[PDB]
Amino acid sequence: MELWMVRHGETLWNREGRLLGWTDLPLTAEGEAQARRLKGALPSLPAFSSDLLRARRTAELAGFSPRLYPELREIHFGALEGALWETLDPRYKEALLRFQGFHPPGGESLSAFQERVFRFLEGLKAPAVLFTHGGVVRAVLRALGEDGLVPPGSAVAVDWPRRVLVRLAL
């Protein structure tokens, strides 16, 4: 199944290196511009979006009218929401870099997070554009053997559950 995964545009925390999960931060001005540049650049397929503001806004600016679904949310960082990456306890940093064995206090375990994400992908019947978050895009790419590092406001197409098709960074 062809699936376009769009990482929402820049927020102040994506810029200052602060963990951003369920905190409902808005896109920066540049983040909004990144979203606007996607309009007309992505296939006009049916759209689905995380319910968090920044994701919904990116969809809107990119010319879409997505159905809001919480399963597309970034992982919940719990007590570590907004936590500065610099001073993040080495154990969390390591776990987050390896993308495994990470369960932020009060947040979701990486296992529960990836389960709701892949469960959502399994429920899709026809190709679509998913306006989501960095951790979601990363989970998908990692499962596919490839790096899950794309920049904010960018999109990557994947033929789930097989491989990556194209990476769009404008």
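A residue's number is simply how far along the shown sequence it sits, counting from 1.
If you average the C-alpha B-factors over 6 to 14 and over 152 to 160, the higher value belongs to 152 to 160. Legend: mean Cα B-factor per stretch from the PDB entry, 118 to 126 versus 34 to 42; the higher mean is in 118 to 126. For the set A55, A29, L68, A112, the PDB entry puts the maximum C-alpha B factor at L68.
Highest C-alpha temperature factor among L72, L84, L97, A79, as the PDB entry reports it: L97. Residue-level temperature factors show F131 in the lowest third of its chain, judged at the C-alpha atom. Ranked within its chain, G145 lands in the highest third, by CA B factor from the PDB record. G63: CA B factor lies in the middle third for its chain, per the PDB record. Annotation for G101: C-alpha temperature factor in the highest third relative to the rest of the modelled chain, per the entry.
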